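Chain residues, written in single-letter form:
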Amino acid sequence: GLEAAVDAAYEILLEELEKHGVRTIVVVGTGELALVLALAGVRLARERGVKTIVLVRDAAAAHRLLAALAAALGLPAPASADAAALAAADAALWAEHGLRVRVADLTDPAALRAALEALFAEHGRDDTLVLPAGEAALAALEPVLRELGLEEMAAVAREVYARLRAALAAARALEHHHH
């Protein structure tokens, strides 16, 4: 179920924060692992002051993730995927909970590089853990990081992803809410 998945992801992230001195987590992609990482990020922000930013492919994906986060927090979802509504929801989520949800076209390497570069300008590269939310995101993220010369960051992204993938396969976040 969802709690077991969030707990397992939280434990993995705690191990990485201690291992790498992480101050900021950037999640690239959508789906169940993106939600689980965002929810673990809510706990990590409250308990450790570590901020999390999720980069999703389009405004529709941002609305879907913000709506699931809203439900988890007991808060209203944004009324629509209007950019102004999404930006306002994002600013509120950041101020109150240390989480962001931003739009970046992951099919476009230049757009993903630009979104990462914005986050690196805000949060730096040394203390930032970048994680893909799935296989497709890993395949998009690795070459971009490698082009930027961030080989260690790419290596950690792949290794931590493998552990998260295995943990979520066992935890089954959504098992109770579909056939």
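Residues numbered from 1 in each chain as written, not as in the entry; some residues may be left out. Heavy atoms only, no water. Residues with missing side-chain atoms left out of burial classes, pairs and counts.

1. Focus: the layout of surface pockets
Part 1 of the argument: Approximately 230 Å³ is the volume attributed to the largest pocket.
Part 2 of the argument: Taken together, 14 residues form the lining of the largest pocket, with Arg 125, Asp 126, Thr 128, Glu 152 and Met 153 sitting closest to its centre.
Part 3 of the argument: Where the lining of the largest pocket is concerned, the elements lending two or more residues are strand 4 (128-132) and helix 7 (151-171).
Part 4 of the argument: Element by element, the count of residues in the lining of the largest pocket is highest for helix 7, at four residues.
Part 5 of the argument: In terms of residue class, the lining of the largest pocket is built from six nonpolar, three polar and five charged. (1 Å grid on protein atoms, 1.4 Å probe; cavity = no way out; pocket = protein on both sides within 12 Å on 5 of 7 lines; lining within 4 Å. Points joined across faces, edges and corners; volume = space filled by probe spheres on them. Helix = DSSP H or I, 4+ residues; strand = E, 2+ residues; numbered from the N terminus. Nonpolar A, V, L, I, M, F, W, Y, C, P; charged D, E, K, R; others polar.)

2. Quick notes on the side chain of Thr 24
Part 1 of the argument: Residue placement: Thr 24 occurs in strand 1 (residues 24-28).
Part 2 of the argument: Ignoring any residue separated from it by four or fewer positions in sequence, one finds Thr 24 in contact with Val 50, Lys 51, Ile 53, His 123, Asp 127, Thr 128 and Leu 129. (Contact = heavy atoms within 4.5 Å.)

3. Observations regarding the packing of helix 1 (residues 2-20) against helix 2 (residues 32-48)
Part 1 of the argument: It is the contact of helix 1 with helix 2, at a shortest axis distance of 8 Å, that shows an interaxial angle of 55°. By the angle between their directions, the pair helix 1 and helix 2 is classed as oblique. The two elements helix 1 and helix 2 cross, and the hand of that crossing is right-handed. Contacts between helix 1 and helix 2 involve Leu 2, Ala 5, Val 6, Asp 7, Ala 9, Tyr 10, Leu 13, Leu 14 and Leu 17 from the first element and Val 36, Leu 37, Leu 39, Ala 40, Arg 43, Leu 44, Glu 47 and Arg 48 from the second.
Part 2 of the argument: Residue composition of the contact of helix 1 with helix 2, grouped by class: 13 nonpolar, no polar and four charged. (Axes fitted to C-alpha atoms, helices over the stretch in contact; angles between N-to-C directions. Parallel < 35°, antiparallel > 145°, perpendicular 65-115°, else oblique. Left-handed = near helix turned anticlockwise from the far one by under 90°.)

4. Notes on the packing of aromatic side chains
Part 1 of the argument: Using the criterion set out here, one finds zero aromatic pairs in the structure.
Part 2 of the argument: For the cation-ring pair, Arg 43 lies above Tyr 10, with the distance from its terminal atom to the ring centre recorded as 5.0 Å. (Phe/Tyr/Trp six-rings, centres within 6.5 Å; stacked < 30°, edge-to-face > 60°. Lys NZ or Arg CZ within 6 Å of the ring centre and 35° of its normal.)

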